[PDB]
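Written out below as structure tokens is the structure these notes cover.
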Amino acid sequence: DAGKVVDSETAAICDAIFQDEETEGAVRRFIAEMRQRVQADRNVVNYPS
Amino acid sequence: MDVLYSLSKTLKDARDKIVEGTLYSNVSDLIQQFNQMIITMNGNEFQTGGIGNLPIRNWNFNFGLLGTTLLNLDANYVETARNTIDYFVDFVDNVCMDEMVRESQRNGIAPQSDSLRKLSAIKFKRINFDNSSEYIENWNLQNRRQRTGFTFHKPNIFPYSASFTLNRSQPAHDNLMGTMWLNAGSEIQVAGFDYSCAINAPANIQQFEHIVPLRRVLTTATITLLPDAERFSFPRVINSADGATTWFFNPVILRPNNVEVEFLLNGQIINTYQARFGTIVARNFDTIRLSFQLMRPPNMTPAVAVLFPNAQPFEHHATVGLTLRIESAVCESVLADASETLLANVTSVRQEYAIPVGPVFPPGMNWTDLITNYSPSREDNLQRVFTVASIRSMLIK
Ligand SMILES: [Zn+2]
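Protein sequences appear in the order of chains A and B.
My numbering numbers the first residue of the first sequence as 5 and each following residue consecutively.
My numbering numbers the first residue of the second sequence as 16 and each following residue consecutively.
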């Protein structure tokens with residue numbers, strides 16, 4: 005779904021983990037499912053890095 | 016300890032859910048757990064046994080992951096997983112037998128074997144799975160100081176005891192008074208007697224009493240009360256107090272008059288029941304106080320009046336008794352009972368491998384000697400060993 009990461013290099017790192025044939029199943033399945041949390045009131049955001 | 020239960024939970028589920036022909040979506044989340052067991056366990060090495068006749072074995076883990084690409088599981092996928100499960104289930108047997116056999120006196124709640132101390136690192140914490148059993152749930156609630164509870168069917172709360180008490184005696188032993196009792200398992204049978212049948216008592220009534228203290232506090236018990244002690248009803252000969260001589264007891268049995276059963280907690284009366292037989296409850300208690308009395312019958316037919324004269328030769332002795340029995344109760348410490356076999360698994364390991372007597376437990380794991388002096392140092396060891404015996408019972412019956 006619509007998920008985001010924290011800047012431009014942590015998207016370039018996690019894309020190469022998704023591609024190569026060595027990473028395990030619980031890590032490759034995970035980075036298609038990690039989520040930010042916006043929470044418009046209280047002004048607190050969360051982004052993976 | 017928490018990761019030893021988590022190894023056995025997903026080896027039990029791996030033999031049950033990974034069957035031939037099943038759909039892959041039924042086992043899609045177990046294989047992610049079972050592959051993540053293997054990644055954590057590879058490269059490590061272990062050593063179990065060494066005490067008694069328990070042999071020394073070395074363990075080494077180098078396995079490969081399972082496939083995650085079929086739609087229905089076939090016989091290649093089952094037979095390549097059974098020869099991985101059968102090595103882990105042999106490892107867990109020898110860790111559980113290594114821990115049920117050891118004990119300490121300073122802090123018995125800590126792990127004692129070499130393998131279970133090594134599994135308590137933060138490297139192995141990712142193997143942790145759900146904790147849904149009764150003993151592993153009470154292991155975690157009690158570790159944070161929250162209130163726990165074990166449910167028993169006929170709990171072995173009374174140590175074995177069979178004795179008497181003479182409130183009136185002479186060396187001829189022909190005019191006696193007192194009580195007799197048997198406390199064994201979860202059953203109390205007390206019986207009071209009087210040879211004169213209250214011929215000289217004030218208002219022809221003789222009062223009896225029997226007080227049984229417990230070792231641990233029971234909660235929400237279901238108790239059956241019946242107005243006869245069937246064990247102290249026949250003629251018998253009994254030795255004296257110091258084993259010198261023997262004395263004879265020939266009973267006839269009246270009904271118990273004015274029965275009062277009280278359920279105490281720190282000397283406070285929680286419950287009471289007055290001439291009420293059958294099934295009763297007891298919400299919170301640690302001391303049972305039985306009270307009952309003998310009354311001479313004021314009207315007697317000629318067949319009865321010959322039995323109880325006024326003079327000294329009393330050939331038929333009066334007897335009044337009760338019978339109490341705990342069906343099920345909830346305690347907070349571990350005990351033994353009549354339904355589950357956790358005490359039998361602990362003693363059978365120690366007897367098989369010829370284990371020497373240690374500093375804590377009685378010789379031969381005698382339950383009468385263990386509930387008699389049930390110290391807090393023995394309670395922490397007994398919970399640590401019944402919990403390991405509960406983990407081993409999932410894999411190996
Ligand atoms: Zn039963």
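We put the CB at the ideal spot given by N, CA and C, even for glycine.
Sorry if obvious, but does the Cβ on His331 of chain B come closer than 7 Å to a heavy atom of ligand 1? no
Are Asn171 of chain B and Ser201 of chain B touching if we call contact CB-CB under 8 Å? yes
By DSSP, does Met38 of chain A sit in helix, in strand, or in coil? Judged by DSSP in its simplified three-state form, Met38 of chain A adopts coil rather than helix or strand.
Any heavy atom of ligand 1 closer than 7 Å to the beta-carbon of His168 of chain B? yes
How about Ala353 of chain B: is its Cβ closer than 7 Å to a heavy atom in ligand 1? yes
By alpha-carbon positions, which one of B:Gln161, B:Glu114, B:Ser255 and B:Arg231 ends up nearest to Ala187 of chain B? Considering only alpha carbons, the answer is B:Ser255.
Nearest chain A C-beta to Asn77 of chain B closer than 8 Å, yes or no? no
Throw me the rounded Cβ distance for the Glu277 of chain B and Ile284 of chain B pair, which I believe falls under 8 Å. 6 Å
Considering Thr383 of chain B, what are the terminal residues of the beta strand (DSSP E) in which it resides? Here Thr383 of chain B belongs to no beta strand (DSSP E); instead the alpha helix (DSSP H) covers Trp382 to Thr387.
Could you tell me the alpha carbon to alpha carbon distance between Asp11 of chain A and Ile35 of chain A, rounded to whole angstroms? So the alpha carbons of these two residues sit roughly 15 Å apart.
Reduced DSSP category for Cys346 of chain B - H, G, I as helix; E, B as strand; rest coil: Three-state result, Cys346 of chain B: strand.
Chain B contact for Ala30 of chain A (CB, 8 Å cutoff): True, the Cβ-Cβ gap to chain B drops below 8 Å.
Short of 8 Å Cβ to Cβ, which residues in the region 34–54 of chain B face chain A? Residues of the region 34–54 of chain B that bring their beta carbon within less than 8 Å of a beta carbon in chain A comprise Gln47, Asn50, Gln51 and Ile54, in sequence order.
Quick check on residue 415 of chain B: buried or exposed, where buried means 16 or more other Cβ atoms within 10 Å of its Cβ? Limits of chain B in this structure are 16 at one end and 412 at the other, which puts residue 415 of chain B out of reach.
Using 10 angstroms around the beta-carbon of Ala218 of chain B, count the other beta-carbons present and answer buried if the total reaches 16, otherwise exposed. exposed
So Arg298 of chain B packs on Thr356 of chain B, CB below 8 Å; how close in whole Å? That pair is no contact at about 29 Å.
What are the start and end residues of the beta strand (DSSP E) that includes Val227 of chain B? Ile220 to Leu241
8 Å CB neighbourhood of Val116 of chain B in its chain, flanking five on each side removed: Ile66, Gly67, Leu69, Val364, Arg365, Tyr368 and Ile370
Quick one: list the residues of chain C neighbouring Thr83 of chain B, beta-carbon separation under 7 Å, in chain order. The structure shown contains no chain C; the protein chains it does contain are A and B.
Please name the residue or residues paired with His168 of chain B in a DSSP beta bridge. Its beta-bridge partners are B:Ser343.
Buried or exposed: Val49 of chain A, going by 16 or more other Cβ atoms within 10 Å of its Cβ? exposed
Return the first residue and the last residue of the alpha helix (DSSP H) that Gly29 of chain A is part of. From DSSP, the alpha helix (DSSP H) with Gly29 of chain A extends over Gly29 to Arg32.
Once the 5 residues before and after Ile214 of chain B are set aside, which same chain residues still bring their CB inside 8 Å of it? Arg311, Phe323 and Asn325
Counting beta carbon pairs with one atom in the region 35–46 of chain B and one in the region 152–162 of chain B, are three or more of them shorter than 8 Å? no
Using CA atoms only, rank isn't needed, just tell me which of B:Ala344, B:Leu339 and B:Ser178 is closest to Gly258 of chain B. B:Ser178
For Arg399 of chain B, count neighbouring Cβ atoms within 10 angstroms of its own Cβ and tell me buried if that reaches 16, exposed if not. buried
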